[PDB]
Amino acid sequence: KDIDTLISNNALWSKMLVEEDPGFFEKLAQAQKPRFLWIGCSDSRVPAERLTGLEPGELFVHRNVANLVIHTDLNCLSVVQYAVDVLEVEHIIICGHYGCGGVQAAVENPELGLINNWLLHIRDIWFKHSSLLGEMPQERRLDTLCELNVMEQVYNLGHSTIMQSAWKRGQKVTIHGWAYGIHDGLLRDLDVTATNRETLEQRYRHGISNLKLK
């Protein structure tokens, strides 16, 4: 699967749509504004279009390593602010995935070079929930960290100035934390949904105690 193969597939796929479904390229030319912002991992095990049955132009996307929303990452923060203040999306979905190489490397902590600084933020979370994790069986720990990561990133995004001041002026925006597994591509909703300052907090706290129950 060389590069010249990608060029040639694209050419066959485009040449077939031009003549056979003129549809497509008009839907895109409709240039309709996105309504969701997907914040996912660069592993991109199962593309978000495939996972949700969303069409091109309906998803705004950011992908870094391990779905993080770092308080001071201007790259991710810039995606969010464009999305919210300019594109006026209504839904921001942060979605992790069980078996994430990033999450796993955060715990095993191999010497991988520069990436380990990025992965320190996920380690912060593993130690933050030491007790919660030490109480559940050794074999369900990684998956749970993957879930906590996503809860924490939802927490962070809600505390961003972008989101706090978007809610405060009345604009409708809803954050969601999800995860999918690769055994079945099924999206599990983590029930940490937020539409203002209050739910954000409630749902996050509820989210941590719901985990303490195992």
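Each form is matched to the other, and the largest set of C-alpha atoms that superpose within 1.5 Å is called the rigid core. The first residue of the sequence shown is number 1, and the count goes up from there.
- When the other structures are laid on the shown form by the rigid core, the stretch among 23-31 and 173-181 with the greater C-alpha deviation in 5 other deposited structures of this protein turns out to be 23-31.
- In 5 other deposited structures of this protein, superposed by the rigid core, the C-alpha atoms of 130-138 lie farther from the shown form than the other of 130-138 and 101-109.
- Relative to one another, 131-139 and 107-115 have unequal mean CA B-factors, and 131-139 is the one with the higher figure.
- Of the two segments, 185-193 and 38-46, the one listed with the higher mean B-factor is 185-193 (C-alpha atoms only).
- If you compare the C-alpha temperature factors of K27, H176, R63, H159 in the entry, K27 comes out highest.
- In the PDB entry, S165 places in the middle third of its chain by CA B-factor.
- Remark: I70 belongs to the lowest third of its chain, ranked by C-alpha B-factor as recorded.
- The PDB entry assigns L54 a C-alpha temperature factor belonging to the highest third of its chain's modelled residues.
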